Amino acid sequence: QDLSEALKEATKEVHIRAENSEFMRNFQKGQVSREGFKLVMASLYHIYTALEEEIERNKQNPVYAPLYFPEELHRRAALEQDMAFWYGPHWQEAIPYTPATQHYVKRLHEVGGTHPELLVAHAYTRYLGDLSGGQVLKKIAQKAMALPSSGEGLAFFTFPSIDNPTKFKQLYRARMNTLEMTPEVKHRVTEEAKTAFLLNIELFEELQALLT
């Protein structure tokens, strides 16, 4: 069984739970406000910063290298633009760093520094989602908060280097299938993907509570 199919199969159940989280459920209803949106994007800023730091650390490592797509996928730069938009010129010392966000970042550094063969699970979970449901969320956000079609405030959801998200995802899945695979690595990569999804769910549950 190809890794791409193993991952989709392994995370299909938890994905349902994730997309139905209270925060996401509200977001999908169009019920999303500046306060809540700023909290989640600031949290993603920290998460992608950690993820991409570990990707750079392991860019030449065979267990990840085939999936090294900084130009097409990396979100750090985009998130910095969004942080300046939502939090202003000095967003650096204004943005929050919640406990659940810190927990996610902690696991990312553990994986990147100690278990790099599992990094693919984290890139898969975040990037492929951004190119899927994230695109629907972008449209909901624009309508709900009156964000311009020009993109300001939603740079994170925009991929100027990817003409067709659907085609790119197919390319990415194919590339994941070229990674050196053994039963041990395949088993743990799918388990780590489940963990990645749980870290996201816990983040959303935390943000929803903070807003409430």
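For the two forms, the rigid core is made up of the largest set of C-alpha atoms that agree within 1.5 Å on superposition. The numbering used is simple: start at 1 and walk along the sequence shown.
Student: Say the other structures are aligned on the rigid core; which stretch then has the higher CA RMS in 9 other deposited structures of this protein, 43-51 or 22-30?
Tutor: After the core superposition, the stretch with higher RMS deviation in 9 other deposited structures of this protein is 22-30.
Student: With everything overlaid on the rigid core, name the stretch, 140-148 or 170-178, whose CA atoms wander farther on average in 9 other deposited structures of this protein.
Tutor: Greater root mean square C-alpha distance in 9 other deposited structures of this protein: 140-148.
Student: Comparing 40-48 with 23-31, which has the greater mean CA B-factor as deposited?
Tutor: The entry gives the higher C-alpha B-factor average to 23-31.
Student: Per the record, averaged over C-alpha atoms, which has the higher B-factor: 163-171 or 50-58?
Tutor: Result: 163-171.
Student: For the chain shown, is the CA B-factor of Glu71 in the lowest, middle or highest third of its modelled residues?
Tutor: Middle third - that is where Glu71 ends up once the chain's C-alpha B-factors are sorted.
Student: Can you work out whether the C-alpha temperature factor of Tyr127 puts it in the lowest, middle or highest third of the chain?
Tutor: Lowest third.
Student: Just say lowest, middle or highest third for the CA B-factor of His90 relative to the other modelled residues in its chain.
Tutor: For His90, the deposited C-alpha B-factor lands in the highest third.
Student: Is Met176 in the lowest, middle or highest third of its chain when residues are ranked by C-alpha B-factor?
Tutor: For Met176, whose C-alpha B-factor we compare with every modelled residue in the chain, the answer is the lowest third.
Student: By the record's CA B-factor, is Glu9 among the lowest, middle or highest third of residues in the chain?
Tutor: Ranked within chain, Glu9 CA B lands in the highest tercile.
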